[PDB]
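Take a look at the structure set out below.
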Amino acid sequence: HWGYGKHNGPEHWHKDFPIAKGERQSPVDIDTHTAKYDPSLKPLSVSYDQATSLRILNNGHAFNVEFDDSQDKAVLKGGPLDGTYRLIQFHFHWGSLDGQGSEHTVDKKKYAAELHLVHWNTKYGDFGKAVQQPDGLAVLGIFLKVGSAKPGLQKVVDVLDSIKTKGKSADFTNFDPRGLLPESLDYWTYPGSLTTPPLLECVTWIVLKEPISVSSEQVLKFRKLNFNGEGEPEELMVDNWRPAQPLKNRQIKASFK
Ligand SMILES: CC(C)(C)OC(=O)NCCCCOc1ccc(S(N)(=O)=O)cc1
Ligand SMILES: [Zn+2]
């Protein structure tokens with residue numbers, strides 16, 4: 001099955017998921033000089049004060065922190081979005097080295113990791129329905145660079161030892177995702193896709209301009225996770241990112257001058 005290795009990685013995904021060569025695939029390179037300021041954009045509304053985290057899971061491709069999305073508890077609105085998008089999970093992509101790891105790039109620069117907060121459009125009832133719609137998801141993307149530690153990330157880092165291998169999960173309640181946000185909500189936005197199979201073209205991407213900084217110790221603990229299940233040969237979970245895809249007939253819009 002699909003992965004990030006030499007024999008099942010991004011270059012192979014099109015064989016099972018032909019949409020991999022589609023017209024609105026993600027991630028992309030964000031060329032800052034060609035992104036256009038769009039005064040018609042509204043401010044982002046991030047309302048996470050009643051977020052209810054449930055669990056953290058190693059799914060063999062990344063680790064997901066899952067939320068109760070059966071009510072409007074943590075929602076994204078405004079910006080390019082019409083309607084209300086509910087937070088369902090967040091996860092990261094990261095590298096084996098500090099100079100790679102992000103999926104989006106900025107003027108071809110790669111960051112050490114990238115955070116994806118995944119939301120679905122409540123007009124579609126559930127996540128499974130939403131991924132089948134062109135405007136079904138909104139993913140908030142946040143770059144990570146290595147520098148000072150991110151205090152709000154440490155509770156995630158501390159539990160990773162309990163979910164080392166594929167299939168392992170742990171209780172993870174009362175986590176506040178607001179502690180993962182940068183100061184500024186300035187963003188770029190464009191229409192795209194899931195960056196993993198099934199690569200569905202259902203995502204409005206909102207990528208924040210300002211990265212958060214994490215410590216080398218924090219990202220080193222990401223790199224100790226395993227792709228494999230317990231009792232299988234150990235393969236470190238690193239470089240779980242898809243490279244930039246052709247922009248084709250798309251324009252990136254910026255919320256800022
Ligand atoms: C039957 C099946 C599984 C083919 O249909 C599904 O319902 N697809 C479910 C979608 C699961 C993928 O979840 C994500 C993958 C990647 C991202 S990312 N890296 O773009 O933010 C988000 C969700
Ligand atoms: Zn992702």
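Read-outs throughout are calculated quantities, based only on the coordinates presented, and are distinct from any laboratory measurement. We place every Cβ from the backbone using ideal geometry, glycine too, and count neighbours over all the protein chains shown.
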Taking a crude spin-label model, label points 7 Å out from Cα along the C-beta direction, the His7 to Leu54 distance in nm is 3.6 nm
Site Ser148, offset 7 angstrom along Cα→Cβ, radius 13 Å on amide nitrogen, limited to region 214-242, gives 214-215
Check: C-alpha center region 206-257 vs C-alpha center region 74-120, spacing in Å is 8 Å
The FRET efficiency for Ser216 and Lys108, from their Cβ-Cβ distance with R0 = 30 Å and rounded to 0.05, is 0.80
Given unit charges at Cβ for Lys, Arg (+) and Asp, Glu (-), the dipole magnitude of the chain about its Cα centre in debye, nearest 20, is 500 debye
Note: region 194-245, point scatterers on Cα, Debye, no solvent; log10 I/I(0) at q = 0.16, 0.23 Å⁻¹ equals -0.78, -1.06
Relative contact order as a percentage, the chain, C-alpha pairs under 8 Å and 6+ apart, gives 26 percent
One would report the Cα pair-distance distribution of region 115-257, bin width 10 Å, in %, as 10, 30, 39, 19, 2, 0
When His91, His33, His12, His104 are arranged by how many other beta-carbons sit within 10 Å of their Cβ, fewest first, they go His33, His12, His91, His104
Of the convex hull enclosing the alpha-carbon atoms of the chain, the direction-averaged projected area in nm² is 12.9 nm²
Taking a crude spin-label model, label points 7 Å out from Cα along the C-beta direction, the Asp126 to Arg250 distance in nm is 2.8 nm
